[PDB]
Structure formats: C-alpha cells, structure tokens
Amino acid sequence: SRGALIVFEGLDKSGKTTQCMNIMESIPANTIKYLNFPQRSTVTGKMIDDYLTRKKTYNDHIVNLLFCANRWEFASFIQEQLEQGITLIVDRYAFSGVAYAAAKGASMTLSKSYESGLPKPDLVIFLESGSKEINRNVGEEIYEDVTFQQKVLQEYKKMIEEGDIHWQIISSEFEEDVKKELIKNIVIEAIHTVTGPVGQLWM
C-alpha cells in the first residue's frame, strides 16, 4: 500500500505544469508530493539552467547525462516517499530524457539504458498538444522550437507503442475544466488501486 508514482509527460507548453497544479489542489497535501524535472536548483540543475537559457553550451554527450544524473539525485527520495505511503506527482521524467535525447540523434536503446533502474511509474499521463499549443513554442528556451518538438513527438509515440508502461493519453481537444476533471479522476484511481513493490524502470 505504497504511494503511486505518477508522471506527467508531453511537449513544451502542453500545460502539464497546470495539470500538476490541479492534482495538488484536488488532493490533501499530507499524502502527496510534487516533483518538477529538471530540478534546476542542484549542481546539475544550475548547469542545465545555463544550457536551456543559452548562456553556456555543452556536448550533446554532456547534456544527455546532466539530465540523467539530475534524476538520479532523487531516485533515493522517490523510493523512500512511495514506501512511506506518499504519492508522487512528477513533471517530466525518464521519458523526457529519452525522447529529447533521441530527437537530437541519440540512440533510443542507449538513452534508455542510462535511465534503466529508476523507480517505475504506475501511470504516465501524456498531454497532447494541438494547434494553439505547439505553436506556443517561441524559443525563449533552447528546445522550444516547433520543428524540433515535432521530432521529439516521434520519439514519444514510439515509446508509448512499446507499452510495458501504463500510459494515459489525454486529447488536446478537451475543455480546460473537463480535462482537469478527467485527469483528477484517473489520478485518484491510480492511487487507490496501487499494490506491491515499486517497479524498476526498463529492467
């Protein structure tokens, strides 16, 4: 009877931050914990920040592993909370890693290997971006480019189709309040219906 590991994925500006906000308001905080990635506060965070804000560059090789290492700092914490019965709501995760790394020409099976071992999600909510959402990308940050996002999406779809992971795909076409309600409902369900040990991702 652990907490549930719930992960939000999607393109930039798909509004997964908003939806995370809903869940946090819809559920009592003594039982739930919000986790954003990347965690820009850490050592690997500040560096990631410099790269996304265009005030430093790195090897494609260096950024791929900064993001990964950025997650591993927290793999202990994640595990501990779930066991302590706290449910985790996580903005971006392993998949943000692989899809974005792979979109940049990296090997999808290799990107996966690096994540291989992390706490495995019980539910992954993917937010579709329609017209007025993809074209929300105005390059204030590094990956925020319409043509590139279309490329990430190719990699996301690929991983979904591989489903050993429980995915819930939310259409772009729902109405704000209705999307909010729908998600809120699958979330609380994920939480009452959870059992067993925390899974290990891609192992």
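The first residue of the sequence shown is number 1, and the count goes up from there.
Higher mean CA B-factor, judged across 127 to 135 and 114 to 122 from the recorded values: 127 to 135. In the PDB entry, the Cα temperature factor peaks, among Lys157, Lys56, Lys46, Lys33, at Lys157. Compared with the other modelled residues of the chain, the Cα B-factor recorded for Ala190 ranks in the middle third. The deposited CA B-factor of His166 belongs to the middle third of values across its chain. Among all modelled residues in its chain, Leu52 ranks in the middle third by Cα B-factor. Ranked by Cα temperature factor within the chain, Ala29 sits in the lowest third according to the deposited record. Among all modelled residues in its chain, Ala102 ranks in the middle third by Cα B-factor.
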